[PDB]
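Let's start with one chain on its own, the form deposited in one PDB entry, as C-alpha cells.
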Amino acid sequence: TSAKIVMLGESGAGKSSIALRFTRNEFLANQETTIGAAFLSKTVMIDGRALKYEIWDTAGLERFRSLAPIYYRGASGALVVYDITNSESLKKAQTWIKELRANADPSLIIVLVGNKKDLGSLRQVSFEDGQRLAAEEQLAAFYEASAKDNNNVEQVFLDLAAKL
C-alpha cells in the first residue's frame, strides 16, 4: 500500500530539503527553488508491514499557487511546512491549511512541520505558537524538525503514515 503525500508551504521554508532528506538522505545548503513540483519516493516499514511514500514536492512561490490542486487532489496526507525562524511563514501555513479544508478531500490528514530548528537563536515562532495553530485547526500532528541536521524528519513521516 502507498502513502500519497503533498508538501505545501511558503517558499524557502524547506519543503524540498525535508522531502529529499527523508527520501534520498540528501541535503543541499544551496537547494534550488522548485519550479515544477518534484516527485520523490521511499519505502518504510510500519509495524512489520511495508509502505511506499509517493511525495509531491510543490513549488511554494505564490506564482505557482494555482498549480497546487493538481498535486493535492489525490493526496492521502499533506505536510504543511513553515520556517521557525520566520514568523510570516506560520501565517502562510495557516492559509494552506484553510485552503485544504475548503478544497481538498475531507479525509485528508494534515501535519504541520516547523523546520530549521537548528537555527537556534534565530527562532521567531515558539513551539507553543506553532502548536496553537495545529490544535486550533485539529491537525493530525505537529513537529519541529531540521532537514539540515536530519532531526525529526523520519519521525514526522512515520507518524503521518500511522494516521493514514
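From 1 onward, residues are counted along the sequence shown. The term rigid core refers to the most C-alpha atoms you can superpose between the two forms while keeping them within 1.5 Å.
Not pictured, yet referred to below: the form deposited in another entry.
Handout entry: Out of 67, 122, 38, 28, the residue that alone shifts its CA by 2 Å or more between the shown form and the other one when the rigid core is the reference
Key = By this measure, the answer is 67.
Problem - Relative Cα spacing, residue 65 and residue 73, in the other entry - shift of 3 Å or more - result: Farther, not closer.
Practice task
Since the C-alpha distance between residue 144 and residue 60 changes by 3 Å or more in the other entry, give its direction relative to the shown form: closer or farther.
Solution key: Here the pair is closer than in the other entry; there, farther apart.
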